[PDB]
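What follows is each chain in one-letter form.
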Amino acid sequence: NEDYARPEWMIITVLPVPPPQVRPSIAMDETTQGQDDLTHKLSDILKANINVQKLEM
Amino acid sequence: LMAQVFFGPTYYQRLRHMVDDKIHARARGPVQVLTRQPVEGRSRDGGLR
RNA sequence: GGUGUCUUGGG
DNA sequence: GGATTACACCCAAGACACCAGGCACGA
DNA sequence: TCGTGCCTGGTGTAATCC
């Protein structure tokens, strides 16, 4: 259905990122922020993102 | 007592689950951060499911 | 005022 | 023929979670 | 110069759709 469900939006172009409430980093030992696993997966995505870009330059 | 009753010494043995290892309550209190739903367990002013 | 597992238990 | 996706509720408590090689910094 | 010192990345019961 065009105006809500488009057949070319089933391929992610620009991945949204959730605010920190969804991934509030737990304090490893009340001072060290043992990061919420969403934060790590986003870090690995952002790394591989940039390391895709730099190749086509 | 109109009836006659059985009667003797018999061997019991105390068991752990004391009434102050399960009783509990919760007015309000500590919440999780991920959800604000009231927290888990007894020793933390937890709540019930 | 962690949080995640596993373990043992109780009804 | 493959694949998935399921396969009791609730509670309580105790006990435990980083490695090795890779580049900077100093007397 | 050589080992220290912090330091980042990485492995040898089923019965039911599809």
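Residues numbered from 1 in each chain as written, not as in the entry; some residues may be left out. Chains lettered and ligands numbered in written order. Part of a larger assembly, values for the part shown. Heavy atoms only, no water.

What the deposited record gives as its method is cryo-EM, and the resolution it gives is 5.6 Å.

Our focus in this paragraph is the protein's contact with RNA strand C. Around RNA strand C, the structure places A:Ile26, A:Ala27, A:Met28, B:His17, B:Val31 and B:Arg44. Atoms of RNA strand C within 4 Å of the protein belong to the sugar or the phosphate in 38% of instances, the rest to bases. Within the backbone of A:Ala27, a nitrogen or oxygen atom sits 2.5 Å from a base nitrogen of RNA strand C. One of the backbone nitrogen or oxygen atoms of A:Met28 is found 2.5 Å away from a base nitrogen of RNA strand C. Looking at side-chain class alone, the surface near RNA strand C contains 4 nonpolar, 1 polar and 1 charged residues. (Near = heavy atom within 4 Å. Polar contact = N/O pair within 3.5 Å; in protein donor to acceptor, adjacent residues only side chain to side chain. Nonpolar A, V, L, I, M, F, W, Y, C, P; charged D, E, K, R; others polar.)

Here the focus is a nonpolar patch on the surface. A contiguous nonpolar surface patch, about 470 Å² in accessible area, is contributed by A:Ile12, A:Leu15, A:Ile45, A:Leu46 and A:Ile50. Examined against the element boundaries, A:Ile45 turns out to sit in helix α1 (residues 37-53). (Patch = residues over 30% accessible without salt bridge, like charges linked within 9 Å, V, L, I, M, F, W, Y side chains within 5 Å. Areas by Shrake-Rupley, 256 points an atom, 1.4 Å probe, with all protein chains shown as cover. Salt bridge = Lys/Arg side-chain N within 4 Å of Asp/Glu carboxyl O. Helix = DSSP H or I, 4+ residues; strand = E, 2+ residues; numbered from the N terminus.)

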